[PDB]
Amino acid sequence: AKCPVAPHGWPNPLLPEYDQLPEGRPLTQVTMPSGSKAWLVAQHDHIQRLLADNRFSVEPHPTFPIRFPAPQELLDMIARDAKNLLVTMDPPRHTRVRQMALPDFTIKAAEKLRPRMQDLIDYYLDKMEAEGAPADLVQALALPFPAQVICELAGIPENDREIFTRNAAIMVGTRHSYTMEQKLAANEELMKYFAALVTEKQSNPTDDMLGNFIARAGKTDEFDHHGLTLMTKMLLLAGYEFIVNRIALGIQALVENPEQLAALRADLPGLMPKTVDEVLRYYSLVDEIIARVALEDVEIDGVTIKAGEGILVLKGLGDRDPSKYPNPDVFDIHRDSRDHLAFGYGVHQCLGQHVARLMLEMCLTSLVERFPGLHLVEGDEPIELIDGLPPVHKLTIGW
């Protein structure tokens, strides 16, 4: 019947880890390239219980689970900067640093962004509608719109935006869109820009997410300038790839399920929150693993995760867990998916989740309201495959 598969047009294979579990997806111990041990965690309940457990850590550790062999020199450089990234800090330092940004990421603070966000969307759909009737939604909305929202978060003036848009789009593209050279260079330019932006917030403070974070951090001795630059990068780019893919894949799911799209448009107030939840849950399959290391022995359902052993949270499979979501591999906006794992769980659960939800909701609502004839379209020429895969993500649509 229905199976976990990569979405149509997806330019990556699914994570091979998904194929490494017995039937029933029990906790499965594996040996990492370094000889360290980790556990594959794919059950929705196990993921929540383990990611809420204070005995697991995100910080560098001699047996932290690392999935590929890599030169230890640059392992060491990454581990040295982990203290400057919120996602690799444990509590209680994690708690204090997260609180420096948190007031600008609440539901109500995100909501304050809605009028500007609608202007951005209205802009992109005006442009899409004014040009040719067949459009690539990845290029027309999914890539550029969140970049602009990030600039609003960072108080970046409009003159500077078009060039951060350039480098952000390079970071997030496939290997067939931008070289390993153009990327590590666009990274360098972003890091230069982020350092100059931090400096600019320290003089002349501003009332935006980044400005208020920099200000709150300055009242402590928690970061030097290099640490504020890494935090700035994380706060602005940690979610870019995710939200880009969720916008395109969400619209793809709706046009691939026209009966649900028809029902959604008839009842936007009642079905849009569920639609957002279902796009979040269903496309966790194409998201990355969430990794931790145990600091103490952890017992769960008759298995012992020993201190120093990793857990590899197969987040996408947890959101396809049949005991939590009946017929889990069917996309269905009517299901109960409120408890999804797309944002993770526990203390590191996505700081940007309310900004992210609003971006996804507002994009889906606007395309659905504005294009009652919205449908999937084949395109000029047959699908390109390189090594059997689509080289870039695109979604060709008509209306």
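Note that residue numbering begins at 1 and tracks the sequence as displayed.
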property: Stretch with the greater mean C-alpha B-factor as recorded in the entry, comparing 341-349 against 54-62; result: 54-62
property: Mean C-alpha temperature factor, higher of 97-105 and 73-81; result: 73-81
property: Top Cα B factor in the deposited entry, candidates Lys274, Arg175, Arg281, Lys324; result: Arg175
property: Options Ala307, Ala168, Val87, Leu249 - largest CA temperature factor per the record; result: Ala168
property: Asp19, C-alpha B-factor rank within chain (lowest, middle or highest third); result: lowest
property: Where the record places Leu395 (Cα B-factor, split into thirds across the chain); result: middle
property: Entry-reported Cα temperature factor of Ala262, expressed as the chain third it lands in; result: middle
property: CA B-factor ranking of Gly318, expressed as a third of its chain; result: lowest
property: Third of chain Cα B-factors occupied by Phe242; result: lowest
